[PDB]
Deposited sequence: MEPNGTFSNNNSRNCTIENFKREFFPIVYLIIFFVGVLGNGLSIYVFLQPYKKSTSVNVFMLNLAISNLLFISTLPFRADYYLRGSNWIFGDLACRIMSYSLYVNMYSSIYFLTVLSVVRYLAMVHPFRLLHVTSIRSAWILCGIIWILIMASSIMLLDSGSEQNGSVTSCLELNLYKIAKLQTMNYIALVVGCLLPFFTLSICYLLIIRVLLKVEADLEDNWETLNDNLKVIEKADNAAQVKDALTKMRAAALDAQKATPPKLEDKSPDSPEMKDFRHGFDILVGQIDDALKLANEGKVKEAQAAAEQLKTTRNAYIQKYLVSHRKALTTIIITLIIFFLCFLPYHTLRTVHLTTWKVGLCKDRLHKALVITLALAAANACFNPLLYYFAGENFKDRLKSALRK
């Protein structure tokens, strides 16, 4: 090991791996504890988040061993099977995470489309199981093949595996990184488009309501006229129960008129119900937009630099050449990719589904 990158590695990896370990145990242990708290309602997004956190915490449990490897001067003492498992756990976590994130963004988009619409929980579990099976079967090759002599080396690129990984990169790069990032980019576009259009419509709706209510507030002959115009507009607008409730408000006001204080007072009750109708949409859009922005940032930080540098490192690799500068850049972006496993609970906190509700419930206990 003549190259200087090895001296860099033996100090750098123990630091970042142990930081990720402790931070990731705290975050994921607490997140999983919160998830499993009983709450009157549950959702498929809770399924996807729980699967992500379990995957991340499993991966995090391997990091003290990798740190040990480097702290011993790059000598593996944990046996051949354990080395195999290091490799396998790294890559299974990474791509299961990428797919759980992609599915989560898609789900939030599809939800913001339908704010008023167990059945989908079992489907969420079925989908998770599909993802696990496909990635675990695609990764078993790592389990097939501690190599070194006079010392025991694990975690190292070497001649024996170079051609193999050159082929596998090709697939994982395309199907495991770039295709999901493409899916995310379309999801961002669609989220922004739908959000802008819906909120423009909602502002128009609220504005016309306040116009009609200001007319009723100012000026009984014209009160009935305004209420009948509003009733006709509402009838043409036909959420059957919601429309019926608003129309019953209108009919109660129009009766209290046709029977000036009671009807004008009843006119205000539409305002709070309309504000609640607006807020339902606004909450769905907040959630979808937060999810997609945090997820794109994770991809730009954790996954795309790593896959880029990894690919070039493999393509230019030669037996008797160090390439210490490219190799150092790769080591750093590998740390970032690993660190995703402690970054993800940010998403549970800022875009969870009754996450804070479950947390406040836990705090009561």
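Q: May I ask you to mark the stretches of the deposited sequence that the structure leaves without C-alpha coordinates?
A: Unmodelled stretches: 1 to 12, 130 to 132, 161 to 162, 237 to 238, 258 to 273, 295 to 299.
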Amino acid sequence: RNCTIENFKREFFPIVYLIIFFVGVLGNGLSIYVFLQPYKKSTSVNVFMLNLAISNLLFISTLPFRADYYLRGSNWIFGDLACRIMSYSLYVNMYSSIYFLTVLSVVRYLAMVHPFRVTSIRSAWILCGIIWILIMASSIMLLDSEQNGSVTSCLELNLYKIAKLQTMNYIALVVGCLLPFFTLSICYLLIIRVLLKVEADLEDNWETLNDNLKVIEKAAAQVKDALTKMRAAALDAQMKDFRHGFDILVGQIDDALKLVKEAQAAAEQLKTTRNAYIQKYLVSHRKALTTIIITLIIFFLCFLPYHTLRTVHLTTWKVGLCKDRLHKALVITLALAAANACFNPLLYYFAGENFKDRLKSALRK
From here on, numbers count along this sequence of modelled residues.
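Q: Determine, among the other compared PDB entries that model residues flanking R117, whether at least a third leave it unmodelled.
A: yes, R117 frequently unmodelled elsewhere, at least a third of entries.
Q: Among the other entries that model both neighbours of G245, does it go unmodelled in a third or more?
A: No.
Q: Could you check which stretch, 241 to 249 or 173 to 181, carries the larger mean CA temperature factor in the entry?
A: Here the higher of the two C-alpha B-factor means belongs to 241 to 249.
Q: Using the B-factors recorded in the PDB entry, average over the C-alpha atoms of 40 to 48 and of 324 to 332, then report which stretch comes out higher.
A: Taking the mean B-factor of the alpha carbons in each, 40 to 48 is higher.
Q: Say you rank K261, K161, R286, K197 by Cα B-factor from the PDB entry; which sits at the top?
A: Answer, based on the entry's C-alpha B-factors: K261.
Q: Among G73, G79, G149, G129, which residue carries the highest C-alpha B-factor recorded in the PDB entry?
A: Comparing C-alpha B-factors across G73, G79, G149, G129, the maximum falls on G149.
Q: Considering only modelled residues of the same chain, in which third does the CA B-factor of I54 rank: lowest, middle or highest?
A: CA B-factor rank for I54: middle third.
Q: Lowest, middle or highest third: where is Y281 by C-alpha B factor in its chain?
A: Ranked within chain, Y281 CA B lands in the highest tercile.
Q: Based on the entry's values, in what third of the chain does the Cα temperature factor of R84 lie: lowest, middle or highest?
A: Tercile = middle for this residue's CA B-factor.
Q: Could you say whether, by C-alpha temperature factor, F116 belongs to the lowest, middle or highest third of its chain?
A: It belongs to the highest third of the chain when residues are ordered by C-alpha B-factor.
Q: Sort the modelled residues of this chain by their C-alpha B factor and say whether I216 lands in the lowest, middle or highest third.
A: Highest third - that is where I216 ends up once the chain's C-alpha B-factors are sorted.
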